[PDB]
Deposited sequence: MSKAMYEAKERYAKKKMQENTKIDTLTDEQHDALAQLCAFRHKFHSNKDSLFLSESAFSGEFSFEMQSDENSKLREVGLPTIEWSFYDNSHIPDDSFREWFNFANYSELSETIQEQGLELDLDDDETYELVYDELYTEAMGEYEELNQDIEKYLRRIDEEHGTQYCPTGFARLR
């Protein structure tokens, strides 16, 4: 967890150094692609702290804005509206289907003061958040694979 840490980063670093000549298309689109790739490598690094309310973090329309300016094809995302990824509105919702599950066991009703049902909704919203963000992440990997096997570069 130090040797492989340096190895996997210097391999990829050599590829980012090496692929600045392969494109040989209209422009310096390598800058936008490496900027996107490192953005991917932050996102997929700690997706989990996006679930926290106030973690050190801060989408799709901004990426498409910075991508149209250089002239690539866009990304064809899965959603643009983004406002339903649940993070710490644990005081600010109710409609979920698994109340049928939670009433199949004892649990309690829809009042989260019970210390047992709290984690039993926290688990589901955590998994729904991660399942939303990887559906996001697969769209970026699909964009990089399409732009990889169209122009013969290397990004993953």
Going by C-alpha coordinates, which parts of the deposited sequence are missing from this model?
1, 60-65, 114-116, 167-174
